[PDB]
């Protein structure tokens, strides 16, 4: 029944488990036409996509908050592979969008449409420690339609460890993007670094995007993109979406916004099981995360 639930909700594409609604029209994603000045923001789900997106949007608008609030974020920054028959269509949104385009995606590098690589588009990749991602993704399953019942948190974590969740293995995702992140066109960031020193990462982002980093611009970005501001901003907190698709009464999208909430969810036994498995998955990579 749980396995049956997963079967009804998700289907594989290129070996990667995916929301079934997306897969039906995957040819649209496959043949997507990039432009050289497109910017890709790529993340494993729940790694702070919304956070870095708004920072990037502010950098584009030279810190003009009104310009950022002119439309909701999922319209300002289309979700590339996302498709709900005719109700939502990321590819369509991008096709009609005036450049310069900012593109959101959760795809592993092997699944990113070839055109982005061919045109050598800049990519910003953001990752977050796996435990915190797992917690966040768990509540996401609960709040959002199109997910199976995730069961108990230990049950969900078992699926997470095996990569049996939308977008597949977090382990492979981050490891693959880490290799790409050696390219000068790909900026590799950590959620935990944005928490620890937001100013340093914002400045890093400004330089990567070839803009000028003034104190005033940097200050505007920092407070506009802080958790408390974004939580209350209807342009960025997804509250304009109805409850029957995103039910924020169960759990808000802007949920806690901290590093270390895994300490509030993993039991000692689950933590031990998770840590052992994690080491085996990640031993052969120089990528290093902080869980606090």
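Residue numbers count along the first chain shown, from 1.
Q: Mean C-alpha B-factor higher for 71-79, or for 131-139?
A: Averaged over C-alpha atoms, the B-factors run higher in 71-79.
Q: State which stretch shows the higher mean Cα B factor in the entry: 210-218 or 161-169.
A: That would be 210-218.
Q: Going by the CA temperature factor in the entry, name the top one among 151, 90, 181, 109.
A: Out of 151, 90, 181, 109, the record gives the largest C-alpha B-factor to 151.
Q: Take the CA temperature factors straight from the PDB entry and tell me which of 247, 53, 264, 226 peaks.
A: Answer for 247, 53, 264, 226: 247, with the highest C-alpha B-factor.
Q: Split the chain's modelled residues into thirds by Cα B-factor; is residue 64 in the lowest, middle or highest one?
A: According to the entry, residue 64 has a C-alpha B-factor in the chain's highest third.
Q: For residue 38, does the deposited CA B-factor place it in the lowest, middle or highest third of the chain?
A: Answer is lowest: the recorded C-alpha B-factor places it there.
Q: Could you tell me which third, lowest, middle or highest, the C-alpha B-factor of residue 258 occupies within its chain?
A: Residue 258: CA B-factor falls in the lowest third of its chain.
Q: Taking the C-alpha B-factors as the PDB entry records them, is residue 84 in the lowest, middle or highest third of its chain?
A: Highest third of the chain for residue 84's C-alpha B-factor.
Q: Taking the chain's C-alpha temperature factors as the reference, tell me which third residue 147 falls into: lowest, middle or highest.
A: Middle third of the chain for residue 147's C-alpha B-factor.
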